[PDB]
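*Asks:* The structure that follows is given in the form of structure tokens.
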Amino acid sequence: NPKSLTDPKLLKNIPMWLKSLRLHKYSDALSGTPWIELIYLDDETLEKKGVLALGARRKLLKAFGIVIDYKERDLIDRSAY
RNA sequence: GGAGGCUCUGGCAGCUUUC
């Protein structure tokens, strides 16, 4: 879902970004922190913070991996930051 | 086959009571 996941407006709004994934369940906890630093969180940190669901950690890990890949590629519009 | 329930493994998932 790179069309909406890579969208800078969605990335700028962590809540909407989570709503796009459909895991808003963690949006109440993950929100409040930018995806730029959030992508730097490890699975153990995410587990310690919350989102115990391993599946959610796996999907979120893959999504964050793709986001990190896009961030490394730099194909994201500077509008994101 | 129909229906209800529970675990997250995050879905046309598994287990299970029942007709």
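Heads up, the Cβs are rebuilt from the backbone with ideal geometry, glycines too, and the neighbour counts pull from every protein chain shown. What follows draws every value from the coordinates through simple rules; no lab data is involved.
*Asks:* Compute, for chain A, the length of the dipole vector about the Cα centre, with Cβ point charges of +1 (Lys, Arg) and -1 (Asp, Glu) only. Units Debye, rounded to 20.
*Replies:* On the way: 15 positive and 11 negative charges, 76 e Å.
Charge dipole, chain A, about its Cα centre: 360 debye, nearest 20.
*Asks:* List the extent of the Cα atoms of the range A:12-81 along each of their three principal axes, largest first, rounded to whole Å.
*Replies:* Principal extents (Cα only, largest first): 32, 19, 18 Å.
*Asks:* Give me the one-decimal nm value for the distance between modelled label points at A:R78 and A:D28, 7 Å along each residue's Cα-to-Cβ direction.
*Replies:* Placing both labels 7 Å beyond Cα along the Cβ direction yields 3.9 nm.
*Asks:* Per residue of the range A:70-79, in order, report the coupling 6.51 cos²θ - 1.76 cosθ + 1.60 (Karplus, θ = phi - 60°) as ³J(HN,Hα) in whole Hz, putting x for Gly and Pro.
*Replies:* Listing the rounded values in order: 4, 4, 5, 4, 6, 7, 7, 4, 3, 3 Hz.
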